There are 4 protein chains.
Amino acid sequence: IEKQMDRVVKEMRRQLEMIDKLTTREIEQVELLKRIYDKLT
Amino acid sequence: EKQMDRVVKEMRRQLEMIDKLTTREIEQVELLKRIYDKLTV
Amino acid sequence: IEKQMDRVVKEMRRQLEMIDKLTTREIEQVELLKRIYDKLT
Amino acid sequence: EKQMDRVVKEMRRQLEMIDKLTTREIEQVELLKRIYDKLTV
Ligand SMILES: [Ca+2]
């Protein structure tokens, strides 16, 4: 069981990195939206 | 036991990231709605 | 320990629901983007 | 033991959702970039 819980920890850390990559993309999308809005106005 | 505490820690980290992700997604929605109103018409 | 692992399961399910709410918002944003692009073109 | 299998199951579910989330985020980025090019100029 000990070995399965270690695998789980590794996988959660992996998912965090994936969510991090999402967050960077969201930050990009927001700035691009803001720039698009500025253009319009 | 120590493994489980690690699992808990990663989960707490995941929650914080998901909340930040949610905040940014809302930012995007607000901007998009604002852009759509501008264009139409 | 058994009780801590049950708490963890509940929390993961909770996070899933949160991620689900994000996914609905993403689906909305995409359709709104598509509609905005159509207008422009 | 059965608790841990439940944890694993939820984690597998989380991965699938994160991947779907990523796919939609990319869709948004592509559309946004396309919209920005259109506007400018
Ligand atoms: Ca988004």
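Reckoned from all heavy atoms, side chains included, excluding hydrogens, waters and symmetry mates. Numbered from 1 within each chain, the chains take letters A, B, ... in sequence-line order.
For the pair C:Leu16 and C:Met12, the minimum side-chain heavy-atom distance is 4.5 Å or more. Side-chain contact between A:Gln4 and D:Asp5 is present, with heavy atoms from C-beta onward closer than 4.5 Å. Taking 4.5 Å as the limit, every side-chain heavy atom of D:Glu27 sits out of range of all side-chain heavy atoms of C:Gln29.
Listed here is the closest heavy atom pair of C:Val30 and D:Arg24: CG2-O, 3.8 Å. Taking both residues in full, the closest heavy atoms of C:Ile19 and B:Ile18 are given as CG1-CD1, 3.8 Å, listed atom of the first, atom of the second, then distance.
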For a side-chain contact (heavy atoms from CB on, under 4.5 Å) check, start with the C-alpha distance between D:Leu21 and B:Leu21, then their side-chain angles and the critical distance, and finish with the verdict. CA-CA 11 Å; D:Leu21 201 59; B:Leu21 201 59; 4.3 Å; yes
List the steps and the verdict of side-chain contact (heavy atoms from CB on, under 4.5 Å) for A:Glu26 and C:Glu26. CA-CA 11 Å; A:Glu26 308 269 11; C:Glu26 308 269 11; 3.1 Å; yes
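The CG atom of C:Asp20 lies 11.5 Å from the CE atom of C:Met18; values are rounded to the nearest 0.5 Å. With values rounded to the nearest 0.5 angstrom, C:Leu32 atom CG is found 14.0 Å from C:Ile27 atom CD1. Separating the CD1 atom in A:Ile36 from the CD1 atom in C:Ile36 is a distance of 8.0 Å, to the nearest 0.5 Å.
A cation-pi contact, defined as under 6.0 Å to the ring centre and within 45° of the axis, is absent between A:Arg35 and D:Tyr36.
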